[PDB]
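Text of target-v4.csv, listed as CSV, C-alpha atoms and all ligand atoms:
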```
chain,number,residue,atom,x,y,z
J,1,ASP,CA,23.5,24.8,14.2
J,2,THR,CA,19.9,23.6,14.2
J,3,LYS,CA,18.3,20.2,14.7
J,4,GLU,CA,17.1,20.2,11.0
J,5,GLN,CA,20.7,21.0,9.8
J,6,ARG,CA,21.9,18.1,12.0
J,7,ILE,CA,19.4,15.7,10.5
J,8,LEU,CA,20.4,16.7,6.9
J,9,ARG,CA,24.1,16.4,7.7
J,10,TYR,CA,23.4,12.9,9.2
J,11,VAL,CA,21.6,11.8,6.1
J,12,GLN,CA,24.3,13.1,3.8
J,13,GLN,CA,26.9,11.1,5.9
J,14,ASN,CA,24.9,7.9,6.6
J,15,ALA,CA,22.7,7.3,3.5
J,16,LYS,CA,23.5,6.6,-0.2
J,17,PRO,CA,22.9,9.5,-2.7
J,18,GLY,CA,19.9,8.7,-4.9
J,19,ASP,CA,18.6,6.0,-2.6
J,20,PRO,CA,15.4,7.3,-0.9
J,21,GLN,CA,14.9,4.2,1.3
J,22,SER,CA,18.4,4.8,2.8
J,23,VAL,CA,17.5,8.5,3.4
J,24,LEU,CA,14.3,7.5,5.3
J,25,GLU,CA,16.2,4.9,7.4
J,26,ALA,CA,18.9,7.5,8.3
J,27,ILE,CA,16.3,10.0,9.4
J,28,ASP,CA,14.5,7.4,11.5
J,29,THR,CA,17.8,6.2,13.0
J,30,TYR,CA,18.8,9.8,13.9
J,31,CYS,CA,15.5,10.6,15.4
J,32,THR,CA,15.2,7.4,17.5
J,33,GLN,CA,18.8,7.4,18.8
J,34,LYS,CA,19.8,11.2,18.9
J,35,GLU,CA,17.0,13.8,18.8
J,36,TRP,CA,13.2,13.5,18.3
J,37,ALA,CA,11.8,15.4,15.3
J,38,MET,CA,8.3,16.0,13.9
J,39,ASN,CA,8.8,13.7,10.8
J,40,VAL,CA,5.8,11.5,10.0
J,41,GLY,CA,8.0,8.5,11.1
J,42,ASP,CA,8.1,4.9,10.1
J,43,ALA,CA,4.9,3.7,11.9
J,44,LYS,CA,2.6,6.2,10.2
J,45,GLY,CA,4.9,6.2,7.2
J,46,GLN,CA,4.1,2.5,6.5
J,47,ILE,CA,0.3,3.5,6.4
J,48,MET,CA,1.2,6.4,4.1
J,49,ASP,CA,3.0,4.0,1.8
J,50,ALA,CA,0.0,1.6,1.7
J,51,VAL,CA,-2.3,4.6,0.8
J,52,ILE,CA,0.0,5.9,-2.0
J,53,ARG,CA,0.3,2.4,-3.5
J,54,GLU,CA,-3.4,1.9,-3.5
J,55,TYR,CA,-4.2,5.2,-5.3
J,56,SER,CA,-1.0,5.7,-7.4
J,57,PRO,CA,-1.8,9.5,-7.5
J,58,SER,CA,-0.5,11.6,-10.5
J,59,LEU,CA,-0.5,14.9,-8.6
J,60,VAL,CA,-0.1,15.2,-4.8
J,61,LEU,CA,-0.2,18.3,-2.7
J,62,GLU,CA,1.5,18.3,0.7
J,63,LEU,CA,0.9,21.0,3.3
J,64,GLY,CA,4.0,21.3,5.5
J,65,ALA,CA,7.3,19.8,4.3
J,66,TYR,CA,9.5,20.2,7.5
J,67,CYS,CA,12.7,18.3,6.5
J,68,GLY,CA,11.3,16.5,3.5
J,69,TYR,CA,10.8,13.1,5.2
J,70,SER,CA,7.1,12.7,4.0
J,71,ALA,CA,8.0,14.2,0.5
J,72,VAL,CA,10.7,11.5,0.1
J,73,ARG,CA,8.3,8.9,1.4
J,74,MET,CA,5.6,9.8,-1.1
J,75,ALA,CA,7.8,10.8,-4.1
J,76,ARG,CA,9.8,7.5,-4.0
J,77,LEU,CA,6.5,5.6,-4.7
J,78,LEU,CA,5.1,7.8,-7.4
J,79,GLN,CA,4.9,6.5,-11.0
J,80,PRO,CA,7.3,8.1,-13.6
J,81,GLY,CA,5.9,11.5,-14.5
J,82,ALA,CA,3.8,11.9,-11.4
J,83,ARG,CA,4.5,15.0,-9.3
J,84,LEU,CA,4.3,16.3,-5.7
J,85,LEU,CA,4.0,20.0,-4.8
J,86,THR,CA,4.9,20.7,-1.1
J,87,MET,CA,4.1,24.0,0.6
J,88,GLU,CA,6.4,25.2,3.4
J,89,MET,CA,6.1,28.5,5.2
J,90,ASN,CA,9.5,28.2,7.0
J,91,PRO,CA,12.3,29.2,4.7
J,92,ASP,CA,15.0,27.3,6.7
J,93,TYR,CA,12.9,24.1,6.6
J,94,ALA,CA,12.2,24.7,2.8
J,95,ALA,CA,16.0,24.8,2.3
J,96,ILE,CA,16.5,21.6,4.3
J,97,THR,CA,13.7,19.8,2.3
J,98,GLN,CA,15.2,20.9,-1.1
J,99,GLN,CA,18.6,19.5,-0.1
J,100,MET,CA,17.0,16.3,1.3
J,101,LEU,CA,15.2,15.7,-2.0
J,102,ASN,CA,18.3,16.6,-4.0
J,103,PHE,CA,20.3,14.0,-2.0
J,104,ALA,CA,17.5,11.4,-2.4
J,105,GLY,CA,17.6,12.0,-6.2
J,106,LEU,CA,13.9,13.0,-6.1
J,107,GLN,CA,14.2,16.7,-7.2
J,108,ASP,CA,12.6,16.2,-10.6
J,109,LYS,CA,9.4,14.8,-9.0
J,110,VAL,CA,8.9,17.4,-6.3
J,111,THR,CA,8.4,21.2,-6.3
J,112,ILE,CA,8.8,23.2,-3.0
J,113,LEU,CA,6.5,26.2,-2.8
J,114,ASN,CA,7.7,28.7,-0.1
J,115,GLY,CA,5.0,30.6,1.5
J,116,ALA,CA,1.7,30.3,3.4
J,117,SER,CA,-0.7,27.6,2.2
J,118,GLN,CA,-3.6,30.1,2.4
J,119,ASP,CA,-1.8,32.4,-0.1
J,120,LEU,CA,-0.4,29.6,-2.4
J,121,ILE,CA,-3.6,27.4,-2.7
J,122,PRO,CA,-5.5,30.1,-4.7
J,123,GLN,CA,-2.5,30.4,-7.1
J,124,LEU,CA,-2.4,26.7,-7.9
J,125,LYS,CA,-4.6,26.8,-11.0
J,126,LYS,CA,-3.3,29.9,-12.7
J,127,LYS,CA,0.4,30.0,-11.6
J,128,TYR,CA,1.2,26.2,-11.2
J,129,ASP,CA,-1.1,24.9,-14.0
J,130,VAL,CA,-3.0,22.6,-11.6
J,131,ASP,CA,-6.5,21.3,-12.7
J,132,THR,CA,-7.5,19.1,-9.7
J,133,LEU,CA,-5.5,17.3,-7.0
J,134,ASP,CA,-5.4,13.5,-6.8
J,135,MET,CA,-4.3,13.5,-3.2
J,136,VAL,CA,-3.5,15.9,-0.4
J,137,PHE,CA,-1.2,15.2,2.6
J,138,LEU,CA,-2.0,17.6,5.5
J,139,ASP,CA,0.9,18.0,8.0
J,140,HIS,CA,1.1,21.7,8.7
J,141,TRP,CA,-0.4,23.9,11.5
J,142,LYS,CA,-3.1,21.7,13.0
J,143,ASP,CA,-5.6,24.6,13.3
J,144,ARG,CA,-5.1,25.0,9.5
J,145,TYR,CA,-6.3,21.6,8.3
J,146,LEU,CA,-10.0,22.6,8.3
J,147,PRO,CA,-9.7,26.2,6.8
J,148,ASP,CA,-7.3,24.9,4.1
J,149,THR,CA,-9.6,21.9,3.2
J,150,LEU,CA,-12.5,24.4,2.8
J,151,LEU,CA,-10.2,26.7,0.7
J,152,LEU,CA,-9.2,23.8,-1.5
J,153,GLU,CA,-12.9,23.1,-2.2
J,154,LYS,CA,-13.6,26.8,-2.9
J,155,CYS,CA,-10.7,27.0,-5.4
J,156,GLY,CA,-12.1,24.0,-7.3
J,157,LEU,CA,-9.0,21.9,-6.5
J,158,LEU,CA,-10.9,18.8,-5.3
J,159,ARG,CA,-12.6,16.3,-7.5
J,160,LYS,CA,-14.7,13.2,-6.9
J,161,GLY,CA,-12.2,10.7,-5.3
J,162,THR,CA,-9.5,13.2,-4.2
J,163,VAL,CA,-7.8,11.6,-1.2
J,164,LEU,CA,-7.1,13.8,1.9
J,165,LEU,CA,-4.6,12.1,4.2
J,166,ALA,CA,-4.1,13.9,7.5
J,167,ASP,CA,-1.3,13.4,10.0
J,168,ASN,CA,-1.6,14.0,13.8
J,169,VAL,CA,-5.3,13.7,14.1
J,170,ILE,CA,-4.9,12.4,17.7
J,171,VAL,CA,-1.6,14.2,18.7
J,172,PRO,CA,-1.4,17.2,18.7
J,173,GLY,CA,-4.9,16.6,17.3
J,174,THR,CA,-7.1,18.3,14.7
J,175,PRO,CA,-10.5,18.3,16.5
J,176,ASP,CA,-12.4,20.7,14.2
J,177,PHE,CA,-11.1,19.0,11.0
J,178,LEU,CA,-12.0,15.5,12.3
J,179,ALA,CA,-15.5,16.5,13.4
J,180,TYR,CA,-16.1,18.3,10.1
J,181,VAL,CA,-14.9,15.6,7.7
J,182,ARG,CA,-16.5,12.8,9.8
J,183,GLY,CA,-19.9,14.6,9.8
J,184,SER,CA,-19.9,15.7,6.2
J,185,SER,CA,-21.7,13.8,3.4
J,186,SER,CA,-19.0,15.3,1.1
J,187,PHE,CA,-16.3,13.0,2.7
J,188,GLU,CA,-15.9,9.3,3.2
J,189,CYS,CA,-13.6,8.8,6.2
J,190,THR,CA,-11.3,6.1,7.5
J,191,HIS,CA,-9.2,6.3,10.6
J,192,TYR,CA,-5.8,4.5,10.7
J,193,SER,CA,-4.7,4.2,14.4
J,194,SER,CA,-0.9,4.2,14.8
J,195,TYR,CA,1.8,5.9,16.9
J,196,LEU,CA,3.4,9.3,17.2
J,197,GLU,CA,6.7,9.3,15.3
J,198,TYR,CA,9.5,7.8,17.4
J,199,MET,CA,7.3,7.5,20.5
J,200,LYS,CA,5.1,5.0,22.4
J,201,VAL,CA,2.2,7.5,22.2
J,202,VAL,CA,-1.0,6.8,20.2
J,203,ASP,CA,-1.6,9.0,17.1
J,204,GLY,CA,-3.3,8.3,13.8
J,205,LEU,CA,-3.9,9.2,10.2
J,206,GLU,CA,-7.4,10.1,8.9
J,207,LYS,CA,-8.2,9.5,5.2
J,208,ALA,CA,-11.1,11.6,4.0
J,209,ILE,CA,-12.1,10.9,0.4
J,210,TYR,CA,-13.9,13.8,-1.3
J,211,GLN,CA,-17.3,12.9,-2.9
J,212,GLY,CA,-18.1,16.1,-4.7
J,213,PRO,CA,-20.6,19.0,-3.7
O,301,LIG,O1,3.3,21.0,14.6
O,301,LIG,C1,3.4,20.0,13.8
O,301,LIG,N1,3.4,20.2,12.5
O,301,LIG,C2,3.3,21.5,11.9
O,301,LIG,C3,4.7,22.2,11.9
O,301,LIG,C4,4.5,23.7,11.5
O,301,LIG,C5,3.9,23.8,10.1
O,301,LIG,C6,3.8,25.3,9.6
O,301,LIG,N2,3.5,25.3,8.2
O,301,LIG,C7,4.1,24.7,7.2
O,301,LIG,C8,3.5,25.1,6.0
O,301,LIG,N3,2.5,25.9,6.4
O,301,LIG,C9,2.4,26.1,7.7
O,301,LIG,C10,3.6,18.6,14.4
O,301,LIG,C11,3.8,18.5,15.8
O,301,LIG,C12,3.9,17.3,16.4
O,301,LIG,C13,4.1,17.2,17.9
O,301,LIG,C14,3.6,16.1,18.5
O,301,LIG,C15,3.8,16.0,19.9
O,301,LIG,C16,4.4,17.0,20.6
O,301,LIG,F1,4.6,16.8,21.9
O,301,LIG,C17,4.9,18.1,20.0
O,301,LIG,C18,4.8,18.2,18.6
O,301,LIG,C19,4.0,16.1,15.6
O,301,LIG,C20,3.9,16.2,14.2
O,301,LIG,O2,3.8,15.1,13.4
O,301,LIG,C21,3.6,17.4,13.6
O,301,LIG,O3,3.4,17.5,12.2
O,302,K,K,7.6,14.7,7.5
O,303,MG,MG,3.0,15.5,11.5
```
Could the structure of this file be written out as structure tokens, please?
Ligand SMILES: O=C(NCCCCCn1ccnc1)c1cc(-c2ccc(F)cc2)cc(O)c1O
Ligand SMILES: [K+]
Ligand SMILES: [Mg+2]
Amino acid sequence: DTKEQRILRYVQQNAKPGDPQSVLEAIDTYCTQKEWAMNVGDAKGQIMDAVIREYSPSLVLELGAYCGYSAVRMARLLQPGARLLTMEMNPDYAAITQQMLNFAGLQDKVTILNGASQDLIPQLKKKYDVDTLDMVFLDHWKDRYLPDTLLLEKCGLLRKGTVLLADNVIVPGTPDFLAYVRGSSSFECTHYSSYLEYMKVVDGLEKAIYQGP
């Protein structure tokens, strides 16, 4: 019995099917009262919501799904017809995320891609019929934020205005990614100071808007 299975069971028994807000509230209650887990959380989640509402992206890519908390958070605010693709290397987490989206009634808006982001990103154009991405949410291996951002550019997946939103830039931290985007004329950066999910520890989101080559 895993922590991720316990979170999914808790949602199924304490939230309303087809109600994404109740799913988010149940995950946040479980993680504050029972066991911490690496979901983006409500503090950083409110900043995510404000970014999503500002840009109303039609196609979002997420790197790292975990239990589907951030996928539910983003997908619930997407416009009819807009889509989210989420890459998850851990098959057990991918199965939890699929069941979380199904319970939230968001399954038609989100596609889980099982595998490594370094292998899946080069297949987006030809296999998944992607042209360019409107937004990317980075929440996977912290040492992969920079290489995958460089890979997205190489693959022609970024366009002028693509919004990169990165979790955990302070804790655990993404020092090479932060230094790179903040020092590059190809990105316009904004830091949103906040708190590590379910903890009185400072963390933050970085928004890095791609400006073209
Ligand atoms: O490691 C994290 N995420 C990546 C999980 C593996 C992704 C693998 N993958 C998925 C797809 N392709 C590759 C993470 C960790 C923490 C944290 C903070 C404080 C602490 F004391 C311990 C941990 C907080 C988060 O918010 C995080 O996201
Ligand atoms: K999450
Ligand atoms: Mg995170």
Gap from atom CA of residue 168 of chain J to atom CA of residue 105 of chain J - Å, one decimal: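 Result for atom CA of residue 168 of chain J versus atom CA of residue 105 of chain J: 27.8 Å, one decimal.
Nearest to residue 93 of chain J of all the residues J:3, J:207, J:53, J:125 is J:3, counting all atoms listed in the file.
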Nearest to residue 36 of chain J by atom-to-atom distance, counting only C-alpha atoms, from J:104, J:7, J:87, J:65: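 Looking at the shortest contact to residue 36 of chain J, the residue is J:7.
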Can you build me a table of chain J residues sitting at most 9 Å from ligand K 302 (chain O), with the closest atom pair per residue and its distance in Å to one decimal, using only C-alpha atoms and all ligand atoms, sorted by chain and residue number, as a tab-separated table?
```
residue	atom	partner	partner_atom	distance
J:37	CA	O:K302	K	8.9
J:38	CA	O:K302	K	6.6
J:39	CA	O:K302	K	3.7
J:40	CA	O:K302	K	4.4
J:41	CA	O:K302	K	7.2
J:45	CA	O:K302	K	8.9
J:64	CA	O:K302	K	7.8
J:65	CA	O:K302	K	6.0
J:66	CA	O:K302	K	5.8
J:67	CA	O:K302	K	6.3
J:68	CA	O:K302	K	5.7
J:69	CA	O:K302	K	4.3
J:70	CA	O:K302	K	4.1
J:71	CA	O:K302	K	7.0
J:72	CA	O:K302	K	8.6
J:73	CA	O:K302	K	8.4
J:139	CA	O:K302	K	7.5
```
Counting only C-alpha atoms and all ligand atoms, what are the residues of chain J within 10 Å of ligand LIG 301 (chain O), and for each of them which pair of atoms is the nearest and at what distance in Å, to one decimal? Sort the table by chain and rising number, as a Markdown table.
```
| residue | atom | partner | partner_atom | distance |
| --- | --- | --- | --- | --- |
| J:36 | CA | O:LIG301 | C18 | 9.6 |
| J:37 | CA | O:LIG301 | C19 | 7.8 |
| J:38 | CA | O:LIG301 | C20 | 4.4 |
| J:39 | CA | O:LIG301 | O2 | 5.8 |
| J:40 | CA | O:LIG301 | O2 | 5.3 |
| J:41 | CA | O:LIG301 | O2 | 8.2 |
| J:44 | CA | O:LIG301 | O2 | 9.5 |
| J:62 | CA | O:LIG301 | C8 | 8.9 |
| J:63 | CA | O:LIG301 | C8 | 5.6 |
| J:64 | CA | O:LIG301 | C7 | 3.8 |
| J:65 | CA | O:LIG301 | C7 | 6.5 |
| J:66 | CA | O:LIG301 | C3 | 6.8 |
| J:86 | CA | O:LIG301 | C8 | 8.5 |
| J:87 | CA | O:LIG301 | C8 | 5.5 |
| J:88 | CA | O:LIG301 | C8 | 3.9 |
| J:89 | CA | O:LIG301 | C8 | 4.4 |
| J:90 | CA | O:LIG301 | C7 | 6.4 |
| J:91 | CA | O:LIG301 | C7 | 9.7 |
| J:93 | CA | O:LIG301 | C7 | 8.8 |
| J:94 | CA | O:LIG301 | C7 | 9.2 |
| J:113 | CA | O:LIG301 | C8 | 9.4 |
| J:114 | CA | O:LIG301 | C8 | 8.2 |
| J:115 | CA | O:LIG301 | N3 | 7.2 |
| J:116 | CA | O:LIG301 | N3 | 5.4 |
| J:117 | CA | O:LIG301 | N3 | 5.5 |
| J:118 | CA | O:LIG301 | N3 | 8.4 |
| J:120 | CA | O:LIG301 | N3 | 10.0 |
| J:138 | CA | O:LIG301 | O3 | 8.6 |
| J:139 | CA | O:LIG301 | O3 | 4.9 |
| J:140 | CA | O:LIG301 | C5 | 3.8 |
| J:141 | CA | O:LIG301 | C2 | 4.4 |
| J:142 | CA | O:LIG301 | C2 | 6.5 |
| J:143 | CA | O:LIG301 | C2 | 9.5 |
| J:144 | CA | O:LIG301 | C9 | 7.8 |
| J:145 | CA | O:LIG301 | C9 | 9.8 |
| J:166 | CA | O:LIG301 | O3 | 9.6 |
| J:167 | CA | O:LIG301 | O2 | 6.4 |
| J:168 | CA | O:LIG301 | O2 | 5.5 |
| J:169 | CA | O:LIG301 | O2 | 9.2 |
| J:170 | CA | O:LIG301 | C14 | 9.3 |
| J:171 | CA | O:LIG301 | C14 | 5.5 |
| J:172 | CA | O:LIG301 | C14 | 5.1 |
| J:173 | CA | O:LIG301 | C14 | 8.6 |
| J:196 | CA | O:LIG301 | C14 | 6.9 |
| J:197 | CA | O:LIG301 | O2 | 6.8 |
| J:199 | CA | O:LIG301 | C15 | 9.2 |
| J:201 | CA | O:LIG301 | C15 | 8.9 |
| J:203 | CA | O:LIG301 | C14 | 8.9 |
| J:204 | CA | O:LIG301 | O2 | 9.8 |
```
